[PDB]
Amino acid sequence: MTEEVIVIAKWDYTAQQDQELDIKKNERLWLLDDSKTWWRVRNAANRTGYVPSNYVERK
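Residues numbered from 1 in each chain as written, not as in the entry; some residues may be left out. Heavy atoms only, no water.

As documented in the archive entry, the model was determined using solution NMR.

Structure (structure tokens):
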């Protein structure tokens, strides 16, 4: 079973692909995998995708 990581974005980031999800400056995202350069995340909209949101801090 994969472990989920709870983090909060500090700056707005735009998805680099159509399968990824856009985030905001103060938007909380649900990470699924941070081992890869690209991180998989989930949103309150029930959508999930891989976004290398380097502009996010763990909390």
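Draft legend 1. Representation of the environment of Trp 39 in the model. Here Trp 39 shows up in the loop between β2 (28-33) and β3 (40-42). Residues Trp 39 and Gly 49 lie ten residues apart in sequence; the distance between their C-alpha atoms is 7.9 Å. With residues near it in sequence (within four places) discarded, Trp 39 still touches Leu 31, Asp 33, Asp 34, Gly 49, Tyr 50, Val 51, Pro 52, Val 56 and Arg 58. A polar contact is formed between the side chain of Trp 39 and the backbone oxygen of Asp 34, at a distance of 2.9 Å. Side-chain polar atoms of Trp 39 contact the backbone oxygen of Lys 36, separated by 3.1 Å. (Helix = DSSP H or I, 4+ residues; strand = E, 2+ residues; numbered from the N terminus. Contact = heavy atoms within 4.5 Å. Polar contact = N/O pair within 3.5 Å; in protein donor to acceptor, adjacent residues only side chain to side chain.)

Draft legend 2. Quick look at the nonpolar core. With nine residues, the main nonpolar core is built from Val 7, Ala 9, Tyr 13, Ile 23, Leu 29, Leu 31, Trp 39, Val 41 and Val 51. Among the elements of the structure, β1 (5-9) and β2 are those that each provide at least two residues to this core. The residues contacting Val 51, other than those within four sequence positions of it, are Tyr 13, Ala 15, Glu 20, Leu 21, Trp 39 and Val 41. (Core = buried A, V, L, I, M, F, W, Y, C linked by side-chain atoms within 4.5 Å. Buried < 20%, exposed > 50% of the residue type's maximum accessible area, 1.4 Å probe, protein only.)

Draft legend 3. Layout of the environment of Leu 32. Residue placement: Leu 32 occurs in strand β2. Judged by its relative accessible area of 15%, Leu 32 falls in the buried class. Separated by 16 residues in sequence, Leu 32 and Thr 48 have C-alpha atoms that sit 9.0 Å apart. In this structure, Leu 32 is in contact with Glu 3, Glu 4, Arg 40, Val 41 and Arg 42, ignoring residues within four places of it in sequence.

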